[PDB]
Structures are given as structure tokens and as C-alpha cells.
């Protein structure tokens, strides 16, 4: 019942209710003749919504906003990008044009600027050191340390026991690392262990791409990263 690539054309977005007041958004993007799905998160905050990550591009992100307005009907007042790559910040300009306040760590903002990517407007404080956590509306933001990228953040929704790992956490069906050009392979398993230590009660774990599961997605990602290292 989780949407797959065969069921979403590039340009369209699906929403999937994970728990009360928590959704993932699913879009697709083409790259080198392959089509990949990509996840982000939506968290209700009273009568408004917190968005986690763009839908990987301007067109997808415009469709994401339209699908949120149609299905949920609450305003997206803030958005957090969890690292500087295009599947997390691609579409920030669309969000900003729609009146969404876009946020990222100062680390992410700097890496986005170096990359020539779109740059979230606001800077998130309190996330500079591995193990740092801050409350942000209905979620906790956690910097586990370098993994998929040096700046990657994860997001926890305490009310729903939902852990969003972003691209630092792989789905079970992904058995090879793939693209790790900006990764810290040496630190990635240590950063995953910080996530496991901080969120042992998580019931749902959402990877950056593909199917949700439980906490065994953390050990899975460590296994894949260590195999790639060797």
C-alpha cells in the first residue's frame, strides 16, 4: 500500500498517512535513465503543517504543495531540509515563493551554496555537534554526525514514534550503497548508532528513499555501508 515508482509519474506526488497527523510525501525523479522514488515528511502542528524536505525539484514541489492543500487543507508554514543535496533542497525557491519559511542548519546552507543548489532562508541553531538535538515545533531535530553527508539531520515525531532518517537511512531492499560521493563512510555506522541510542522507542522508520519499516533499517544501513567500505 506504500506508493512505488510504477504508481507515481515524475511530476506527481502521493501522500501516505503513517500515523495521526504524520504523513510521508512520495515523489519520483529521473537520473541517468533510472527512476527513483523519494520520501519526505509532513507533521501537523496544531492548525498548520511542518514540512520535512522538498519533493526533489521545482515541479514536484509545486505539485506537493497542491496535493497538501487538496488532501489536508492546512497551511505549510515552515520547512526543514535535512541535507544540502537536490532531493532535499530542490524546490526551496518554490516553497519560499509560496510563503513557506525554509530552514536548514548553517552547515547545510553553506554546502548548498557551494554546490550551487537552492538555499533555505533560515538557520537552525543548536545542531553543530554530533548528538545535538533541538525541538522544532512538533518534531525533534537530531544531528547524528556525518553519514550520507556531513550535514545530514534526522527528524523524530515524539507524539507518533516516527523516526525520519532521510538519506542517512536505507530501505531494506537497497543492498548496495550506490551514490556516496559526499558521504563519510568511516563515520556513518557511528552516526547510526547515535540515532539508535537516542530513539530506541521509534516504531516507524522512514528512509530517504523507498519503503518504511522499523528500527532494523538502522542496522541494515550499517551493514550496507560496511560492505561498501570493504
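For the two forms, the rigid core is made up of the largest set of C-alpha atoms that agree within 1.5 Å on superposition. Positions refer to the first chain, counted from 1.
After a core fit, the C-alpha atoms in 9 other deposited structures of this protein lie farther on average from the shown form in one of 200-208 and 30-38, namely 30-38. Of the two stretches examined, 188-196 and 174-182, the one with higher mean CA deviation in 9 other deposited structures of this protein after a rigid core fit is 174-182. In this entry, the higher average B-factor at the C-alpha atoms falls on 31-39, of the pair 31-39 and 60-68. For the pair 2-10 and 220-228, the mean Cα B-factor is higher in 2-10. Looking only at 97, 89, 154, 139, the residue with the top Cα B factor in the deposited structure is 97.
As recorded in the PDB entry, 45 shows the highest C-alpha B-factor of the residues 171, 45, 53, 184. When the modelled residues of the chain are ordered by C-alpha B-factor, residue 80 sits in the lowest third. In this PDB entry, the Cα temperature factor of residue 207 sits in the middle third of its chain's modelled residues. Among all modelled residues in its chain, residue 116 ranks in the middle third by Cα B-factor. In the deposited entry, the Cα temperature factor of residue 130 sits in the middle third of values across the chain's modelled residues. Ranked by Cα temperature factor within the chain, residue 175 sits in the highest third according to the deposited record.
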